[PDB]
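A.B. asks: Following this message is one structure expressed as structure tokens.
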Amino acid sequence: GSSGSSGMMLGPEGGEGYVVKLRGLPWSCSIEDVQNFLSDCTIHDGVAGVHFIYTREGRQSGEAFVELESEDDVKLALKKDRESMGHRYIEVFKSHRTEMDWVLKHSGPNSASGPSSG
């Protein structure tokens, strides 16, 4: 059985990690709501594992990524799909880390075309 991306540099950068994207979150959604929402999941670094998505203006688009500890967590998170958080509905989306990185760098109200280098 060949599963789990141990690690590789050559070819397609293999630096992804168990992550999930939550949509439909309330404009007042806080790391806490997420942590409890994905209880069945073991978020990595807890609060230090949740990444909310913002617009170029500085608002809460609703999207919010969340890092996990292991694979199982991912499969479990996907179970919280079309869920109900507080007074709204939440939608889980299977995503990797390498992605949550770009989606963020180019999400907040302050991007400035990423870093100087280019």
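Each residue's number is its place along the chain shown, starting with 1.
A Cβ is built for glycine as well, from the same backbone N, Cα and C atoms used for every other residue.
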A.B. asks: For the feature region 'Interaction with RNA' as recorded in Swiss-Prot, pick the matching range from 34-39, 88-93, 100-105.
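C.D. replies: Going through 34-39, 88-93, 100-105 one by one, Swiss-Prot flags 88-93 as region 'Interaction with RNA'.
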A.B. asks: Using a Cβ-Cβ cut-off under 8 angstroms and a sequence gap of six or more, which residues of the chain neighbour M8 (N-acetylmethionine)?
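C.D. replies: Once residues fewer than 6 apart are set aside, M8 (N-acetylmethionine) is near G14.
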A.B. asks: Just checking the recorded positions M9, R59, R82, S111: which sit within 10 A of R23 (site 'Interaction with RNA'), CA to CA?
C.D. replies: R82
A.B. asks: Work out how many Å separate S111 (phosphoserine) and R59 (site 'Interaction with RNA') at their Cα atoms, rounded off.
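C.D. replies: So the Cα of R59 (site 'Interaction with RNA') lies 14 Å away from that of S111 (phosphoserine).
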